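Trainee: here goes the first bit of my complex:
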Amino acid sequence: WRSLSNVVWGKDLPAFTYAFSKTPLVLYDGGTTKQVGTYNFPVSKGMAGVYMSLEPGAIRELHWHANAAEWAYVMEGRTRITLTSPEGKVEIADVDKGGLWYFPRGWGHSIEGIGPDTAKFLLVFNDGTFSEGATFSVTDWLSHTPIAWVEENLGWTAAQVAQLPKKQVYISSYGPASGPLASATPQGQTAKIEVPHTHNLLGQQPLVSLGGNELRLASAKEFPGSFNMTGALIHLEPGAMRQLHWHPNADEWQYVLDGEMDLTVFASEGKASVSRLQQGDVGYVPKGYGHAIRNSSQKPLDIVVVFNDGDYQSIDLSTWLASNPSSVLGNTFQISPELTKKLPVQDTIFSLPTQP
Amino acid sequence: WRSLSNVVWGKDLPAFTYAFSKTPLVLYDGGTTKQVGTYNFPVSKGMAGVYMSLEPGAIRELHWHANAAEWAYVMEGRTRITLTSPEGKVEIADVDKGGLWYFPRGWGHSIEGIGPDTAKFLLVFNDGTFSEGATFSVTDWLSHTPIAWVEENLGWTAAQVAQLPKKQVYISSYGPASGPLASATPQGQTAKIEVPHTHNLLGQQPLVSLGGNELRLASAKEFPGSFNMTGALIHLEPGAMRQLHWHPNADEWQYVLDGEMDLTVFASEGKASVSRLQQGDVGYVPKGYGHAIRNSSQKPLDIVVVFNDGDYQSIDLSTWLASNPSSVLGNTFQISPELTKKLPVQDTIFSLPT
């Protein structure tokens, strides 16, 4: 990719992409998981991503993590989540392909895979160092508390408490698989969480559509419950791009659902990168960096991106230039008045490859 | 204390308690003081604690600290505070045994012991590195400003300025002791602070109480002036405990008013601790860590705990398990359907001895 400056792409810059599709899965009993955060992807400071899969009847046990909020995109299949708030309120809900969930910092939750196939989902966390091996597990908790005290807390005999796990369980296919949603009632009288904490992203109408190119956006404006995180789906036709832009107020974490994605990134100071991502690869654009993404393949492209802010903010190059008077633009770009008037006058979000 | 996993208590973790009652006092003319923060209790990042006493007519001098808010519980005796806000408003007030005060970051204040006893109190600060040696003292200030400038600001002669203290006074019993409260009038016309910055804690009705065990809570709901911080009193009968829980949004700092406390802290990744606290000893429980406290002794237990958030938030293991369906629970704990049904169905905050 030639550039007007001949910058050596990548030089003096952290990687902005990670070959996540090549990270080995860690295997569990009815589940798989891998993760990418600052520990292996140094640039990714504000967010970490976790791939996880659950089979039918496999649960990611009751756990919490106060150091991070959990935003989720279900890529395939069907899950059921439970979520319990600091106010004793609960949500028990199904989330399917294209659905989101948001677990506020430190709230207890679980995720179970419901049949017939395997649920596969992404979990993005608003803390770059987050690791699925440093969550707080209830099985770990109760097995690391004096037995007498657990007996007292539960009102149980030693023989009863003795049947609890002896260490963190993490993922379980011990059973039973959960029944129909309507029957999944709390064992004790419990007030329902009323602000929705799941949401349907994929089935939204596009916010923007231009010759096949599509953007669906879920910010606090459409998913108020995810109050400080936003996510979007972009669909890119062959040859098309998301125009050049930057986000004033957020980092952008990316994952390629299918296709091949070219991403370019401008730090300041004459430094910049460009590079390709395969299906299942990950990208990260730090707050304020200029960037753009192009589909250079023969096939369509789908990615999900996530921002660590509930208020989606974008300034496109075109919008920016369009807002300035000729004189300013001509002076900045040092170009003839004839060329000046040919700068962008409106902002179409995507840009098309040239027409037949 | 046996566990299911036979975990070695304390292995791979910092101390969650500090033998404060063994920390020596520093002595002043009319008061005494000691402190615990990250400098001697490394885990205590979110809060630091100071113990202080004031003889009658001794005063903690006018000072300020922009780097920390000051939240207080009066353990014994009676005090009088003054407090001056950025809008030139003042509160002059009494705080007795069981009373709170909150001094917003950088607002000026003073504390005096009124009669007829020794006032003893705890100051808790939302900054673990806070040090009583690092306050901005007005006596220190004027003695460290150029004489000429002090003359000008006060409109005083060299001989008048000459009589000010030569270095930080800190605590003084020079006098006079203070008059009745209705006579403690500002020397100049000064508007009064209207949102209360003191509060009565010990005197509240128990928020929750079961079989003699009681919890008194002062969050921003009951003490809005303390917008930033929350305080609580727990009284625990022999053999009883606060249930297993964690706090999603805050660190917990603890002091033992009287009795003996057993504290357990579980830190994740198979690590956990359990230990005893004598009276006057201090505990700290990092945000989000699971914990519980228990009275394992023949006498009663009384402690004050403080959170660095004004919105008290708790998830009790019981509420949590109660909120979940049979299947999820059974599958998680890998126990039988019959045992599953015997998991908590309600949360009584405390658990009684069986």
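Mentor: Thanks, I have it. Numbering: from 1, shown residues only, chains lettered A, B, ... in the order given.

Trainee: go ahead and confirm residue A:273 touches residue A:16.
Mentor: Yes - counting by CB atoms under 8 Å, residue A:16 is a contact partner of residue A:273 at 5.7 Å. Yep, even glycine has a C-beta here, placed from its N, CA and C like the rest.

Trainee: more neighbours: the two, which one.
Mentor: residue A:16 (26 against 22; other CB atoms under 10 Å in any protein chain shown).

Trainee: need the contact list for whatever residue of the stretch 151-300 of chain A ends up closest to chain B.
Mentor: Nearest to chain B in the stretch 151-300 of chain A, going by CB to the nearest CB, is residue A:188, at a distance of 3.1 Å. Going by CB atoms under 8 Å, 6 or more residues apart in numbering or on different chains, residue A:188 touches B:321-323, B:344-346.

Trainee: surely it is within a helix?
Mentor: No - Residue A:188 sits outside any helix when classified using DSSP: H, G, I helix; E, B strand; the rest coil, being coil.

Trainee: from the contact counts, what lies against the strand or helix carrying residue A:339?
Mentor: Using DSSP states H and E, residue A:339 sits in helix A:337-340. Secondary-structure packing of helix A:337-340 (3 or more CB pairs under 8 Å, 6 or more residues apart in numbering or on different chains; DSSP states H and E): helix A:326-333.

Trainee: for the helix it packs on, which residues meet the burial criterion?
Mentor: When neighbours are counted by 16 or more other CB atoms under 10 Å in any protein chain shown, the buried residues of helix A:326-333 are found to be A:329-330.

Trainee: ditto for stretch A:12-29
Mentor: A:13, A:16-18, A:20, A:23, A:28.

Trainee: once you drop chain neighbours, what's closest to residue A:317?
Mentor: Closest residue in space to residue A:317, ignoring its immediate chain neighbours: residue A:244 at 3.9 Å, by CB to CB, 6 or more residues apart in numbering or on different chains.

Trainee: which parts of chain A are helices?
Mentor: Taking DSSP state H as the test, the helices found in chain A are A:138-143, A:147-154, A:158-161, A:317-322, A:326-333, A:337-340.

Trainee: here's chain C, drop it on:
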Amino acid sequence: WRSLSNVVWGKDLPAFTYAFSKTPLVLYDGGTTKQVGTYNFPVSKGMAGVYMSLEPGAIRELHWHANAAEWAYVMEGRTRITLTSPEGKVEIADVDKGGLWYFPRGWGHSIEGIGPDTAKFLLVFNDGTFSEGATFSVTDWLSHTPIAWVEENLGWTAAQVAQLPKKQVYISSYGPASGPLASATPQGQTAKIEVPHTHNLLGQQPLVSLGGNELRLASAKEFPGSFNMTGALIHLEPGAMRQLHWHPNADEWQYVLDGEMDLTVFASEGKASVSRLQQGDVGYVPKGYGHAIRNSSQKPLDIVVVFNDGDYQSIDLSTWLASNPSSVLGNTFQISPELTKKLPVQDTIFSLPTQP
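Mentor: Putting chain C together with the chains above:
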């Protein structure tokens, strides 16, 4: 300057002043510039300052910086700014001598000097590590993106792109200089920013006036656009001082507009400093530190000062001593009742010279 404690001024403290007047200017085509941040003035953590000048028709090119907000005071002459918000809204306005602007983090902007002489202004940033060499330049941007993508984004030929600059332009005088304000119209339909992002500071009625001494203040109350930054103008007569005070909620950055300033700073634990600043020199007071400033010269003094909070808070030694009862003051200062009653009973903010 003698003191009651005989403190060795400066000892165990960082410099609270910086000889900015003697920092070499970096020369551009019709513009000059120099800067002070933590890189050369270690104490200045919360705010960095930039001096800049533009000739008629010299523009500081279209750029942005998400890492910091921009508060400006115009010292001499006249400028025009443009500011584009995350919602494709624009303000295009003139800012003349004594006027402010505020550019929110990561909003895109530009500054042109308009006639007739040299525009001279201060830029204060709410990040003490900000450096004018690390902004995001639109020209740098476009010369560091794949050419084919610049083509597609702009709907332009390779021939047309070859005309754009080849590296960061920074300051341009290529022209044309901008025309009358009413003709400075955006090149494409752009809604206007409705909340004013400029403000007349020097033109304000003084907030406080005592025997020639005057403070003019622009917090969020008079300039709500500058939501988290405050600026003030202090005029100080020969012999006069700003009373001893501290700010509970903000650091203070100071620049000497003309005259000769004296700053004392008190830093806790028997440590304090005092020193002189010449015109063009810079002062910094960390939050909470006790301070006062005095004019010890035979002529007048003018400073601008900036705060990294939109809510102005000051507690004066006088307001404070005034609000306590005699017993408290007497006991604290260890002095006779007689003397106690002669402490301040009101607050005039300045103090007139008391030397006979």
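
Trainee: back to what packs on helix A:337-340, now that we've got chain C?
Mentor: Helix A:337-340 packs on helix A:326-333, going by 3+ CB pairs under 8 Å, 6+ apart.

Trainee: contacting residues around the helix it packs on?
Mentor: Here helix A:326-333 has contacts from A:321, A:335-337, A:339-341, A:343, C:57, C:59, C:61-62, C:82, C:110, C:112, C:138-139, C:163-165, C:169, C:172-179, C:184, C:187, using CB under 8 Å, 6+ apart.

Trainee: do the same with stretch A:149-157
Mentor: A:142, A:158, A:160-161, A:164, B:4, B:241, B:243-244, B:264, B:292, B:294, B:317-318, B:342-344, B:351-354.

Trainee: same thing but 7 Å
Mentor: A:142, A:158, A:161, B:241, B:243-244, B:264, B:292, B:294, B:317, B:344, B:351, B:353-354 (CB atoms under 7 Å, 6 or more residues apart in numbering or on different chains).

Trainee: measure residue A:323 to chain C for me?
Mentor: 4 Å (CB to the nearest CB, to the nearest Å).

Trainee: now do residue A:96
Mentor: Taking CB to the nearest CB, one finds residue A:96 at 33 Å from chain C.

Trainee: what of residue A:250?
Mentor: 9 Å.

Trainee: contacts only, for residue A:284.
Mentor: Residue A:284 neighbours (CB under 7 Å, 6+ apart): A:16, A:41, A:43-44, A:251, A:253-254.

Trainee: enumerate every residue touching the nearest residue to it once chain neighbours are set aside.
Mentor: The spatial neighbour of residue A:284 that comes closest, neighbours along the chain excluded (CB to CB, 6+ apart), is residue A:44 at 4.5 Å. Taking CB under 7 Å, 6+ apart, we find residue A:44 in contact with A:36-38, A:128, A:253, A:284.

Trainee: now for those residues: which two are most distant?
Mentor: A:38 and A:253 (12.1 Å; CB to CB).

Trainee: the two: which is more packed in?
Mentor: Between residue A:38 and residue A:253, counting by other CB under 10 Å, residue A:253 is the more crowded of the two (28 against 17).

Trainee: can you name the residues bridging to that one?
Mentor: Beta-bridge partners for residue A:253, by DSSP bridges, are residue A:284, residue A:306.
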